[PDB]
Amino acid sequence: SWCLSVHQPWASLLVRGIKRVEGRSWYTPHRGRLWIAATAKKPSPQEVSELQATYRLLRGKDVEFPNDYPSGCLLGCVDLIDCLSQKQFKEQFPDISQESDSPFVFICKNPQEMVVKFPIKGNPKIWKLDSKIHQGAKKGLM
């Protein structure tokens, strides 16, 4: 039921598995499925292309980006398998530890993207999806 709002384009890169971690100033004990919502903040076409170029260098020339990075909607989910301090992140994930310098690093696995994305208004930190949109999101995930 629990959701994290993330700015685009990083939001969609997370549910595509291209971005593998998300950094925050705070810790969460939450483990398991974590829904990902894009914030309302639209990214300029410039930062989308620059971030895409960067992730091409990190992941390979032919990585498949989403066609769009829609704002203000529920995108999909990840499994939040750990929430690591920066020190723990460097010890356990040396190959990607450069990808976040935040005090706490959310380690995400098993991303899933919704083919139909639903408009939504987010909140800070981990917040709870409303039942109706949560039910429709799980149905979409077939």
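Numbers for residues come from their place in the sequence shown, where the first is 1. Only the largest set of C-alpha atoms that superpose within 1.5 Å between the two forms is called the rigid core.
Farther on average from this form in 7 other deposited structures of this protein lies stretch 49-57, the comparison being between 49-57 and 72-80 by RMS Cα distance after core superposition. Comparing 58-66 with 85-93 by root mean square Cα distance to the shown form in 7 other deposited structures of this protein, with the rigid core used for the fit, gives 58-66 as the more displaced stretch.
Checked against the record, the higher mean CA B factor of 20-28 and 130-138 lies with 130-138.
Relative to one another, 30-38 and 107-115 have unequal mean CA B-factors, and 107-115 is the one with the higher figure. Annotation for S100: CA B-factor lies in the middle third of the chain's modelled residues. Placement of the Cα temperature factor of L84 within the chain: middle third of the modelled residues, per the deposited record. For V78, the recorded CA temperature factor ranks within the middle third of the chain's modelled residues.
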